[PDB]
Each structure stands twice: as structure tokens, then as C-alpha cells.
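**Student:** Here you go, one structure.
Ideal geometry is used to build each Cβ from the backbone, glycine not excepted, and the neighbour counts take in all protein chains shown. Each answer follows from the model by the rule given with it, or from the source it names; nothing here is a laboratory result.
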Amino acid sequence: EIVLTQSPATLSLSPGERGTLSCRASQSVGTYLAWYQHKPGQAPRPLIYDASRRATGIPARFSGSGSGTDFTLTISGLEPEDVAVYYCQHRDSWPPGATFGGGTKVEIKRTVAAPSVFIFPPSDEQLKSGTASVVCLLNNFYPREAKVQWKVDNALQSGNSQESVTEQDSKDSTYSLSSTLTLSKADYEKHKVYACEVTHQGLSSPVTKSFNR
Amino acid sequence: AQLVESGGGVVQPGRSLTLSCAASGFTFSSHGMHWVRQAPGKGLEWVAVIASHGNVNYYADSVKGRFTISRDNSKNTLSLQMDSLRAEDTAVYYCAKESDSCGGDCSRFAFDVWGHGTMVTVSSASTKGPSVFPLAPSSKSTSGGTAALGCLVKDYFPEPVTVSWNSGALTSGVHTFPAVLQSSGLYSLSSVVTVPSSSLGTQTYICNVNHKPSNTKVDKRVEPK
């Protein structure tokens, strides 16, 4: 019955930049609102209890405020180790279940970087085993938003590709992306031109990488 | 103070796992206890609670009737018995302690101590090692430019696989991607590296792939075709 809505979905801050994260409740929750920091592969870390009280050992650059429905977490200046997903959380005594917001991803903001783009045909070895995977690599780009579309003899592919994105790079704050198009060997042999179309704001025009089977 | 978490594993749908947490450095029986989870691609989700003295419990609708929370205030442990498991129960599970009162200003409605997290994977897939295929650098690769090469690590179960390059000697420019779960129920990932195209004239590139669950060890050299 309580829903917590967090915004923005992603908050992009230059190192040292101040940022504010919002958490709004669907009805008043008083000051029963906590904030956690979460990084992949470790437990959520308590930051703020009861809307404004800092948890043990939490640096002063984190501050919580608000009451009722509207809450904020302020980071007075991003440090690199602050890159994480932040969740707000509510609970009361009865009924006793906790509710979490959907999370705000905090990332480092940097200058735009266009991806280098590479396409890989399936190996003869893989073809031997009846499947064909075509791989498209977008290397070291920023910001994270990118579009990859597969075309086979100019036909837009749908439902037969999957993609994966790395966590933000610890050295240059970019992202990388892999898209894999998967076809049966039979289907693969029925066409000639395999193309990856990549759209990114760092590119003046979308880039097409292609090969003849 | 700590919650020391154990349990977890990989099971078929409809089967069972038990998670446990042992209290350390605080008075276990003085505090309500919770389980929280995070499914791949999703946020934190509250799962269940048991009161300090085990007399009241409560469940998320998504697990009610299937999961049983319990505690042992003699052994000072917390348990989650997970029966009738579904693929969508696949997640990292955390035990969590209720925050402390402090003489009026502090509520017990946050979570101040968390278990490290343990993975529960529910799938009809069975253990399978990956095939490792080369992602050869383009024939168009030429000095002054950047070349990409890699290995496709396809059709394995369960997570994880580890990938290194040149037995750990190559790290600069390496990207090993999050695995993707295919409709077959098997995982696939790629590991790539970008290098100066010039280096293709002198340097050997070998991807070292390990999938412990299947005892699969593969070292694949990747060269221009």
C-alpha cells in the first residue's frame, strides 16, 4: 500500500559535484524513511536512518532531509567511491513489511566519448556446431545511452539479439556494450549481409559495421 | 556487530534451499529479523520478518505459503526455508537486523546490520561447461588504429565463469561482459580486449576460461583469420 518513487533514475555527477536524490512516498510516512548505498556484490550499506540521522561512520557529505511524503538525499560533492545505486526504504510496526524505492543510480559524469565499433562474424568452429553468433562491440563510450540494431540483408532483426553492458570504467568512466545476434546455422546460411547499426550521441551519424558471409 | 550468512545454491524449480544467519556481537533475541532480496535487473525487495521472540511473522505476497522464516534464540540463528522455488525467486538474499531504539529519537524501522548476501539460483538447466569461440580481429585492422579481439563463452550453466587474458598479464583494455541468460536457460558472455592494431604483428593473445562447476578449463589463442 506504500509505494516509494525515486528520481532521477540515474544521477550523473562530475567528481566534486553536488547532487540531490529524491524519494517520494505515495502517502505520508512521517520520518520513517531510510537510505542505503548499494554496490554490486556487497550488502546494502545504511546511510541515513529516520529521514535525517546519519548512520555510524557515514561521512558528512551525505545528508538526509524531509518528512511526510517528500524526502531527499544530498551528496555535497561526489567522490569516486560514491558511485553506487541508492535506495530509500520505509517500514512501520503493523503491518510490518518493508517497502523500497526502485533505486537511483549515481554515476560519474564526464565528457562525451563516442564508441569505437567492431563486428565479429561467427567462427567456423561455432558454425560446425549448428549455431551462428554475430557479435557487435561498442567500446568505451559515454554517456551510457546507445542503440544497436541488427540488419540482415537490410531486414531489421527483432527478438534474436541480446546485449550486455559493463559497469562504469574505473579509469576513464566510460561504458562498453556487447550485442549478440543468434541464428541457426541454416538461417545464417540463407543470407549474405550482416550489419550492426550503432547510434550514440558521440557519433555525428550512426555507424554501420557489416560483412558478407 | 555482524550477521554471518550461509546457505544458498542452485536448484531445479519446485525444489528447496535453506538460508541461515548467525548473530555475532549483539543480543540476537532483542531484535526483529528480516530477509531481503535482489533479483538480477531488479531493486531490493523485502521478503519476510520474524519478531524478536519469534511470536509474530509476516511475508511478502510473492513468497507467502512457500517460504518459512524462523529463528533459534538458543543458537542465535535466523533461517529462511525456501520451498516450492520458482525461477523468479532467483536472487541474492540478505538477512537484516532491525535498527536500534536510542531513547526516543531512533526507530526500529530501518536495517542496521546486513548479512553479506548469498545467491539462490532456480533453473531447469543442468550443469554444462561452455564452448569457447574466437572473436578474431578484423582483417581490416591496420597500424595506427585500434583492433578488437575476444572470446565468446557460450552455453554454460550455472554462473559464474572467470576469464583472464595471457594468464593475467593483459588487463589494459579488457572488458569481460555480464553474462546474458538465453532462452535455452544457458548463459553466454563475451570477453574482449582492444589493442593497438600494430601489436597484432608481435603479440600472442590467449583467453583463459574457467567454469568451475563443470571443471572446464580452456585456453584459446585468438589470431587474425
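**Student:** May I ask you to list the residues in the stretch B:80-99 that are under 20 Å from A:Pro96 (Cβ atoms) and without any contact (Cβ under 8 Å) to a residue 60 or more places away in the chain?
**Tutor:** B:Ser99
Condition check ((1) out of contact with any helix residue (DSSP H, G or I) (no Cβ under 9 Å at 6 or more places or on another chain); (2) under 30 Å from B:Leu200 (Cα atoms); (3) part of a strand (DSSP E or B)) across all residues:
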site: B:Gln81; (1), (2), (3): yes, no, yes
site: B:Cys102; (1), (2), (3): yes, no, no
site: B:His116; (1), (2), (3): yes, no, no
site: B:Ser126; (1), (2), (3): yes, no, no
site: B:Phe133; (1), (2), (3): no, yes, yes
site: B:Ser143; (1), (2), (3): no, yes, no
site: B:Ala147; (1), (2), (3): no, yes, yes
site: B:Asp155; (1), (2), (3): yes, yes, yes
site: B:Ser172; (1), (2), (3): yes, yes, no
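**Student:** Also, I was wondering about something else. Scan the stretch B:120-139 and give yes if some residue there is among the aromatic types (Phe, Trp, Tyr), more than 30 Å from B:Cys207 (Cβ to Cβ) and crowded, with 19+ Cβ neighbours inside 10 Å, otherwise no.
**Tutor:** Within the stretch B:120-139, the first condition is being among the aromatic types (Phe, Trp, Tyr), and the residues that meet it are B:133.
After this cut, where a residue has to be more than 30 Å from B:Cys207 (Cβ to Cβ) as well, the list is none.
Checked against the condition, which is being among the aromatic types (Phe, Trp, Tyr), more than 30 Å from B:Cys207 (Cβ to Cβ) and crowded, with 19+ Cβ neighbours inside 10 Å, the stretch B:120-139 yields no hits at all.
**Student:** Suppose we filter the stretch A:84-121 for residues that are of a type in the set (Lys, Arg) and away from every other protein chain (no Cβ under 11 Å); how many remain? It would help to see each step written out before you state the result.
**Tutor:** First, the residues of the stretch A:84-121 that are of a type in the set (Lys, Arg): A:91, A:105, A:109-110.
Now drop any that are not away from every other protein chain (no Cβ under 11 Å), which leaves A:109-110.
Final tally of qualifying residues: 2.
**Student:** A:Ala43 - would you say it is among the small types (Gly, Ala, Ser) and in contact with a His (Cβ under 9 Å, 6 or more places away or on another chain)?
**Tutor:** Values: among the small types (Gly, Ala, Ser): yes; in contact with a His (Cβ under 9 Å, 6 or more places away or on another chain): yes.
So A:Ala43 fits the description; yes.
**Student:** Taking the stretch B:157-170 only, how many residues are out of contact with any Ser or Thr (no Cβ under 9 Å at 6 or more places or on another chain), in a loop (DSSP other than H, G, I, E, B) and under 22 Å from B:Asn215 (Cα atoms)? Reasoning before the result, please.
**Tutor:** Within the stretch B:157-170, the subset out of contact with any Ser or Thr (no Cβ under 9 Å at 6 or more places or on another chain) is B:160, B:167-169.
Next, from what is left, pick out any that are in a loop (DSSP other than H, G, I, E, B): B:160, B:169.
Of the ones still in play, those that are also under 22 Å from B:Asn215 (Cα atoms) are B:160.
Residues in the stretch B:157-170 being out of contact with any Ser or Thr (no Cβ under 9 Å at 6 or more places or on another chain), in a loop (DSSP other than H, G, I, E, B) and under 22 Å from B:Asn215 (Cα atoms): 1 in total.
Residues checked against (1) in contact with a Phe, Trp or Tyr (Cβ under 6 Å, 6 or more places away or on another chain); (2) among the acidic types (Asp, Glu); (3) not assigned by CATH to the domain that holds B:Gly32:
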| residue | (1), (2), (3) |
| --- | --- |
| B:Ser74 | no, no, no |
| B:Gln81 | no, no, no |
| B:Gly104 | no, no, no |
| B:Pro130 | yes, no, yes |
| B:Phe133 | no, no, yes |
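**Student:** Pick out the one residue from A:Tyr175, A:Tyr194, A:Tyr188 that is under 20 Å from B:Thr146 (Cβ atoms) and buried (at least 21 other Cβ atoms within 10 Å of the Cβ).
**Tutor:** Details: A:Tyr194 fails: under 20 Å from B:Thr146 (Cβ atoms); A:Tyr188 fails: under 20 Å from B:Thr146 (Cβ atoms).
Answer to the selection: A:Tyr175.
**Student:** Got a number for residues in the stretch A:122-136 being facing another protein chain (nearest Cβ under 8 Å), of a type outside the set (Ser, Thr, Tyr) and either crowded, with 17+ Cβ neighbours inside 10 Å or assigned to a strand (DSSP E or B) (or both)?
**Tutor:** Residues meeting the conditions: 3.
**Student:** Looking at (1) surrounded by fewer than 16 Cβ atoms within 10 Å (Cβ to Cβ); (2) within 16 Å of the chain's Cα centre (by Cα), which one does B:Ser198 not meet, given that it meets all the others?
**Tutor:** (2)
**Student:** Just for strands (runs of 3 or more DSSP E) wholly inside the stretch A:24-83: which have at least 3 residues that are at the interface with chain B (Cβ under 10 Å from one of its Cβ atoms) and within 30 Å of B:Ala91 (Cα to Cα)?
**Tutor:** On the way: elements: A:34-38, A:45-49, A:62-67, A:70-75.
Fully inside the stretch A:24-83 and qualifying: A:34-38, A:45-49.
Residue-wise test of (1) more than 25 Å from the chain's Cα centre (by Cα); (2) outside any strand (DSSP E or B); (3) touching a residue at least 40 places away in the same chain (Cβ under 8 Å).
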{"position": "A:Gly159", "(1), (2), (3)": "no, yes, no"}
{"position": "A:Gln162", "(1), (2), (3)": "no, no, no"}
{"position": "A:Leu183", "(1), (2), (3)": "yes, no, yes"}
{"position": "A:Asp187", "(1), (2), (3)": "yes, yes, yes"}
{"position": "A:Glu197", "(1), (2), (3)": "no, no, yes"}
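**Student:** If the requirement is being within 25 Å of the chain's Cα centre (by Cα) and over 29 Å from A:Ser173 (Cα atoms), which of these qualifies: A:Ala98, A:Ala84? Outline the logic, then answer.
**Tutor:** Working: A:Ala84 fails: over 29 Å from A:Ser173 (Cα atoms).
One residue alone meets the criteria, A:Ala98.
**Student:** Of B:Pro178, B:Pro137, which residue is in contact with a helix residue (DSSP H, G or I) (Cβ under 7 Å, 6 or more places away or on another chain) and at the interface with another protein chain (Cβ under 9 Å from one of its Cβ atoms)? Explain how you work it out, then say what you get.
**Tutor:** On the way: B:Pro178 fails: in contact with a helix residue (DSSP H, G or I) (Cβ under 7 Å, 6 or more places away or on another chain).
Criteria check complete, one pass: B:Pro137.
**Student:** OK, next. Restricting attention to the stretch B:53-79, which residues are in contact (Cβ under 8 Å) with a residue 40 or more places away in the chain, in a loop (DSSP other than H, G, I, E, B) and closer than 30 Å to A:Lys39 by Cβ?
**Tutor:** B:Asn76 - this is the single residue of the stretch B:53-79 that is in contact (Cβ under 8 Å) with a residue 40 or more places away in the chain, in a loop (DSSP other than H, G, I, E, B) and closer than 30 Å to A:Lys39 by Cβ.
**Student:** What number of residues in the stretch B:85-100 are surrounded by 14 or more Cβ atoms within 10 Å (Cβ to Cβ) and either in a loop (DSSP other than H, G, I, E, B) or among the acidic types (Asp, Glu) (or both)?
**Tutor:** 6
**Student:** Name the residue that is farthest from A:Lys105 (Cα to Cα), counting only residues in the stretch A:45-88 that are in contact (Cβ under 8 Å) with a residue 40 or more places away in the chain and of a type in the set (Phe, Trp, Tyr).
**Tutor:** Filtering the stretch A:45-88 for residues that are in contact (Cβ under 8 Å) with a residue 40 or more places away in the chain and of a type in the set (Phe, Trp, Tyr), the one farthest from A:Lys105 (Cα to Cα) comes out as A:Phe71.
**Student:** Given the criteria touching a residue at least 60 places away in the same chain (Cβ under 8 Å) and not in a strand (DSSP E or B), does B:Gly14 qualify?
**Tutor:** Numbers: touching a residue at least 60 places away in the same chain (Cβ under 8 Å): yes; not in a strand (DSSP E or B): yes.
Spelling it out, B:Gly14 is indeed touching a residue at least 60 places away in the same chain (Cβ under 8 Å) and not in a strand (DSSP E or B).
**Student:** Would you mind stating whether A:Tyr142 is closer than 25 Å to A:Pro15 by Cβ, touching a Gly at 6+ places or on another chain (Cβ under 8 Å), not acidic (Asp, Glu) and not assigned by CATH to the domain that holds A:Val29? Full working, then the answer.
**Tutor:** On the way: closer than 25 Å to A:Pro15 by Cβ: yes; touching a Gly at 6+ places or on another chain (Cβ under 8 Å): yes; not acidic (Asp, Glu): yes; not assigned by CATH to the domain that holds A:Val29: yes.
So A:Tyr142 fits the description; yes.
**Student:** Any residue at all in the stretch B:112-124 that's under 18 Å from the mean Cα position of the chain (by Cα), more than 30 Å from B:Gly54 (Cβ to Cβ), of a type in the set (S, T, N, Q) and more than 9 Å from chain A (Cβ to nearest Cβ)? Step through it out loud before you land on a result.
**Tutor:** In the first step, residues of the stretch B:112-124 are kept if they are under 18 Å from the mean Cα position of the chain (by Cα); the result is B:114-124.
This time we only want the ones that are more than 30 Å from B:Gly54 (Cβ to Cβ), so: B:123-124.
If we keep only those that are of a type in the set (S, T, N, Q) as well, we get B:123-124.
Those left that are additionally more than 9 Å from chain A (Cβ to nearest Cβ): B:123-124.
Yes, because at least one residue in the stretch B:112-124 is under 18 Å from the mean Cα position of the chain (by Cα), more than 30 Å from B:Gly54 (Cβ to Cβ), of a type in the set (S, T, N, Q) and more than 9 Å from chain A (Cβ to nearest Cβ).
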